[PDB]
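*Asks:* return a 3D structure for these sequence lines:
(one chain, ligands or ions: 6)
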Amino acid sequence: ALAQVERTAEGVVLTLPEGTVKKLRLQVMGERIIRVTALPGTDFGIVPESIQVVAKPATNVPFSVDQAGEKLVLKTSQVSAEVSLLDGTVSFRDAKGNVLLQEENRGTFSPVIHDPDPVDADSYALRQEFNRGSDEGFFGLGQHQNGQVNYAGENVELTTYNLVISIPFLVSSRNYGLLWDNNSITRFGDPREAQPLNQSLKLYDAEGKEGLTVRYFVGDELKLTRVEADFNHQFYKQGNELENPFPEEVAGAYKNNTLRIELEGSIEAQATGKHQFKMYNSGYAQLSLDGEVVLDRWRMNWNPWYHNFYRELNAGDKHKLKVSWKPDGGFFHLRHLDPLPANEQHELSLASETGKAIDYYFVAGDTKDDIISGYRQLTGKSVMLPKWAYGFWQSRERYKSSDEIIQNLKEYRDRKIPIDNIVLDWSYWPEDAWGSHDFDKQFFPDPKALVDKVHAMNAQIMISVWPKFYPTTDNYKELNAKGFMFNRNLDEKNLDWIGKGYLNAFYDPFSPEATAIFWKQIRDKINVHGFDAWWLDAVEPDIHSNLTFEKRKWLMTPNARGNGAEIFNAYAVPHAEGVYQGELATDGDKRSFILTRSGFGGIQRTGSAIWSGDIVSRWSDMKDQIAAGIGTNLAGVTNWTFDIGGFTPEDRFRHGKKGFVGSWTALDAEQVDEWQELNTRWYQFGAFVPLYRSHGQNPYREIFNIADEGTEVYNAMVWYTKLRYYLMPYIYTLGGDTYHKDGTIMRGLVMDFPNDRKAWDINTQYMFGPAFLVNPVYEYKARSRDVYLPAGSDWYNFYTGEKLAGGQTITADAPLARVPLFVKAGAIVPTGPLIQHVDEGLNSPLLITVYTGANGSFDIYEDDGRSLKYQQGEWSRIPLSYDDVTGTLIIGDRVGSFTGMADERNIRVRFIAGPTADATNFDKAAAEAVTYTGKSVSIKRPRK
Ligand SMILES: [Cl-]
Ligand SMILES: [Cl-]
Ligand SMILES: [Cl-]
Ligand SMILES: [Cl-]
Ligand code: NI
Ligand code: NI
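*Replies:* Numbers count the residues shown, from 1 in each chain. Ligands and ions are numbered 1, 2, ... in the order given. Sure, the structure comes next:
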């Protein structure tokens, strides 16, 4: 009983005889990309227009269809798919006959459970399985906060949060990746949602009585002791009202911050294998297992998150559990998952909560870059950001007046510390008019002048705009009358945090007609004043902070695309797309910039960067941003950033004996050391991510507010800011590469060392472009760190010039002032003169630094940095090629030309071969000078 085959112009459609999947479509999307759609029905038309994919089936791509016996082969020059005519399972081999991806079954459809809203008759819970018993490494998937780089063998929840961004693009150690084209909440690994502690474990209290012992304290005093199965204070139901309230006795201690708690008991897993544990919390929490600490975390009360770890447990054993949670007003819940079936332990699994079909894209590629490029091809080119966006950004939550912004920008300039951009956060409008986009006349009397003064200092300014509107405002009213307001937040009477609290709602971005009004409102009221960029905050959305995720789903129902759940991950894309499109409409020659706090497949097509949101000034959090950036980049989204120093510091840092802590001078003596060391190490890390940006709540975050002029830490911070600008020719080349070469800036070691398994798992190093191996110091008071030098390359210590071999893990010198940096032998690194902002360095003189010991290649990308002319071919490359055997650097014929490009360039070349005291002394280094005119010239390396 074999399937009928229909030969389409884009591939095949198999009609399966039995099983829940009735039809299976293969679509050739490009030379290396095949779409796979398993349908429990006969009408592919029931499947929604992609929010992620803008790419249509290819017309110019040759492909063959061969059929014989029980298999049906569909192949291109680069990819072949082998489908069984028996069950419908697809098998992908490369162009040279190797199994890259095998489907197990044909999928598992089942009822939609996690949707609070009435479900479409033809919607289902999706799940596809692949490659059982694989040794594969897995990467990408987006920005996550649990330290994973290689996801193999573990779970990821691809939900949407303040701190989390799902990009369902999975990259393999092998030569392929896939795009899971579902807009709802999706899960990698375990299909299930982590249940309460008590669902797959038996609980024993303090004595051993078969739930946990929950002691309640007010300060140090013991006030109650009962036992509960599921200790749960995870969510608000309504406004500031917990879902489960605190006992009569201490209901008061919660509000005043004296309440503290302890859990005590024992857990006995009932199955043998690897268990997952998740501690969802605010305030101070420490989980202890077996008389030893496993987790120690803290977060601001209003932005909790999950903190995870995996243990190997035996079915009969009992282990001792102790927790200590000082809620300081926040939330708590412990979750857990028990080991999956035996055959599913080592396999690839993807499942969504609602959809009409299993829909994904197989993407083949000989290198990881090639695979990102297939992602870029499906979801849209990552459009050029303006050049200034890769400069330093100074933000605060918040500058309170036109005066303050201009004062802080002037301080940088006065101190000759480089800076391109300053940011105006929320609350510049009249308090009772969020959504009006007006400027409070008390603090911001002349916005055009404010922008004008910023611009006169050769800087750019960005401004916050939410999707949030008060029903009192005209702008709300306009949107509401077209039916485009998400009004359930109003019925629920949810007040925000401003003053006595205001009623408020979020618009519905899933209609282009809706986003066109949105843009026209902000165009009419903000764009006319000439702001450079849009900080599109709160685009998860976070309509009301801390409600359940079902309630969050319920709140965006109805939207243009159906239920809240059917699109839980996709809000940021249609939204940013609307702003991008209006900008193009208004100024068809300038580059827009958007920073937005959430994404999904395709976000990069809106000229948007993302950041990880409200993280906390903690070391655990700085460490975790490494994997967060890595996974985002390997997901296909490179322009990424975070808050240097974290969004919210603990209270010890904000308030002191001297009152409100603005400058570090107002800190409690004992606190200064750590605040200065945290920011020093974080600024170091920050200068080596795609966007370099200081922001957060008090204390103030300008370099001169973190420490005094002349001190070690001030000097270390100024230095890396300066380095960032010295490196701008290198960096902005990455910048151009993101678009023209479908490039990726923040690189997981697997991209550049894919044959090195040890490198796969590393979660605290990475490649910053092709040359730099970045190794942030993430431990308070550490003055060295272990650093793995990947095999197959030699490495130079960037600062000293000492040359080490790879294949080893060194103990790298990491004094406070320096983050361990190593250059890959064979790198060609261009630097420019010291500049204070990107345009100053246009057409600048170059130092070309060649790190000998291997061949090298770097093409310097240059253009005007601001315009769209690059799209009509207005840009240039200056090709650099280095042969280690001849010791010769060829600076090739200049390719291209753009408006305002200099024909002549003063370029000087030097070669590092081992230790040199001038390793970073760019201005004074011995270098051979060249007057380059676009014509190829050669520079020999010095003798012996
Ligand atoms: Cl200037
Ligand atoms: Cl200037
Ligand atoms: Cl200047
Ligand atoms: Cl200048
Ligand atoms: Ni201007
Ligand atoms: Ni200047």
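*Asks:* which residue packs closest to residue 287, ignoring adjacent ones?
*Replies:* Of all residues not flanking residue 287 in the chain, residue 295 sits nearest, at 4.4 Å (CB to CB, 6 or more residues apart in numbering). In this view, the C-beta of every residue, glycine as well, is placed from N, C-alpha and C.
*Asks:* buried set for the host helix or strand of the one you found?
*Replies:* Here residue 295, judged by DSSP states H and E, is contained in strand 293-299. For strand 293-299, a neighbour-count test (16 or more other CB atoms under 10 Å) marks 295, 297-299 as buried.
*Asks:* out of those, who's nearest ligand 6?
*Replies:* Among the buried residues of strand 293-299, residue 299 lies closest to ligand 6 (CB to the ion), at 39.9 Å.
*Asks:* what number of residues lie near residue 904?
*Replies:* 10 (other CB atoms under 10 Å).
*Asks:* now do the one 4 residues further on
*Replies:* Using other CB under 10 Å, the number of residues around residue 908 comes to 18.
*Asks:* specify the beta-bridge partners of it.
*Replies:* residue 847, residue 929 (DSSP bridges).
*Asks:* sorry, back to before: how about the buried residues of strand 293-299 in TSV, adding distance to residue 605?
*Replies:* Shown next, in TSV, are these (distance: CB to CB, whole Å):
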residue	distance to residue 605
295	38
297	36
298	37
299	32
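*Asks:* about what we covered before: ok, now which ones touch the residue nearest to residue 287?
*Replies:* 279, 285-287, 307, 309 (CB atoms under 8 Å, 6 or more residues apart in numbering).
*Asks:* show me those that map onto strands.
*Replies:* 279, 285-287, 307, 309 (DSSP state E).
*Asks:* can you give me the strands in the stretch 351-500 of the chain?
*Replies:* Listed in chain order, the strands of the stretch 351-500 of the chain (DSSP state E, counting those that start in this stretch) span 358-364, 392-394, 421-424, 460-464, 468-469, 485-486.
*Asks:* okay if I get those strands as a markdown table plus distance to ligand 6 and mean neighbour count?
*Replies:* Below are the strands of the stretch 351-500 of the chain laid out as a markdown table (distance: least, CB to the ion, whole Å; neighbours: other CB atoms under 10 Å):
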| stretch | distance to ligand 6 | mean neighbour count |
| --- | --- | --- |
| strand 358-364 | 43 | 26 |
| strand 392-394 | 13 | 26 |
| strand 421-424 | 14 | 25 |
| strand 460-464 | 13 | 21 |
| strand 468-469 | 36 | 24 |
| strand 485-486 | 44 | 22 |
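*Asks:* show me the domain layout of the protein.
*Replies:* 1-193+340-380, 194-339, 381-745, 746-824, 825-944 (curated CATH domains).
*Asks:* how far does the fourth one sit from the chain's center?
*Replies:* Using CA atoms, centre = their mean, to the nearest Å, the mean C-alpha position of domain 746-824 is found 21 Å from that of the whole chain.
*Asks:* and the closest residue to residue 633 other than its chain neighbours, how far from ligand 6?
*Replies:* Using CB to CB, 6+ apart and skipping the chain neighbours, the partner closest in space to residue 633 is residue 746 (4.4 Å). Plainly put, residue 746 is 28 Å away from ligand 6 if you go by CB to the ion, to the nearest Å.
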